[PDB]
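Engineer: Supplied in structure tokens, the structure appears directly below.
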Amino acid sequence: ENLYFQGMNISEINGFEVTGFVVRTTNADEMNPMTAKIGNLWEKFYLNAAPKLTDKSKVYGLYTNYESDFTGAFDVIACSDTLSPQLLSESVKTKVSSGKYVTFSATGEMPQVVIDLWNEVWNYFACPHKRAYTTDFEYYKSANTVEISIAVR
Numbered sequence: 610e611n612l613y614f615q616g617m618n619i620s621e622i623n624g625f626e627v628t629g630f631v632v633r634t635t636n637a638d639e640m641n642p643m644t645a646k647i648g649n650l651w652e653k654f655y656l657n658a659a660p661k662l663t664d665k666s667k668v669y670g671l672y673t674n675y676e677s678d679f680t681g682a683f684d685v686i687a688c689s690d691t692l693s694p695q696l697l698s699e700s701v702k703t704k705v706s707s708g709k710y711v712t713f714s715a716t717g718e719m720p721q722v723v724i725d726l727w728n729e730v731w732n733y734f735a736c737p738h739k740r741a742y743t744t745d746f747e748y749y750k751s752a753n754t755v756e757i758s759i760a761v762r
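The structure is reproduced here in structure tokens:
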């Protein structure tokens, strides 16, 4: 896969607030290229939100409001800590809670690296830990490095 898989680490993470665009989807909708929503969500973010970011802006992909488990619907939120629901129209503010997470990290071509990192997440949980299905997140640490933090019970 031509990725550097840095590995996984369990840790306590401090909560934080982020604002951005939300869409509701399912894994099945995302697997079908013709019905996927996450790509379009990010294009909207690039279009409407990116021009308003700063050099210290942190950018995230939140997965939250889970209907059930990985087989159910969930909200995906393309967002950033420096945006606010009134510096940006149609946006929603979410608080990610402090808690215990398992965090995975990889570096490579984007977005290949985030797609493939989710596969590592899948393999791992499908296990010493159980998913909380509260709020999980991609953190786009740099142009080539992404972390995925999964909330665990």
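So the mapping is simple: our numbering equals the position in the sequence shown, first residue as 1, plus 609.
Backbone N, C-alpha and C define an ideal beta-carbon position, used for all residues, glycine too.
Within the region 676-760, note down every full beta strand (DSSP E) run reaching 3 residues or more, in order along the chain.
Structural biologist: List check, beta strand (DSSP E) in window: 683-689, 701-705, 708-716, 744-748, 754-760.
Engineer: Pick out whichever of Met719, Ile619, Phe614, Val705 has its Cα sitting closest to the Cα of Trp651.
Structural biologist: Minimum Cα distance to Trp651 is reached at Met719.
Engineer: Which value, in whole angstroms, describes the spacing of the CA atoms of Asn636 and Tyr672?
Structural biologist: C-alpha separation (whole angstroms): 11 Å.
Engineer: When the distance is taken between beta carbons, is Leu692 closer than 8 Å to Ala658?
Structural biologist: Yes; because the gap between Cβ atoms is below 8 Å, this pair is in contact.
Engineer: Just reading off the alpha helix (DSSP H) that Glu639 is part of, what are its end residues?
Structural biologist: Residues 636-640.
Engineer: Helix or strand or just coil, what does DSSP make of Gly648?
Structural biologist: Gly648 falls in the helix class under three-state DSSP.
Engineer: Among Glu639, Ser666, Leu697, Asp690, whose alpha-carbon lies nearest the alpha-carbon of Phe683?
Structural biologist: The residue with the shortest Cα to Cα distance from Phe683 is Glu639.
Engineer: From which residue to which residue does the beta strand (DSSP E) around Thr673 run?
Structural biologist: Note, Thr673: beta strand (DSSP E), 668-673.
Engineer: Hey, how far is the Cα of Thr716 from the Cα of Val755?
Structural biologist: The alpha-carbon atoms of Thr716 and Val755 are separated by roughly 7 Å.
Engineer: Quick check on the burial criterion: 16 or more other C-beta atoms within 10 angstroms. Buried or exposed for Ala760?
Structural biologist: Buried, since its Cβ has 16 or more Cβ neighbours within 10 Å.
Engineer: If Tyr733 sits next to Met617, beta carbons under 8 Å apart, how far is it from one beta carbon to the other, in whole angstroms?
Structural biologist: With a Cβ gap of about 7 Å, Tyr733 and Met617 count as contacting.
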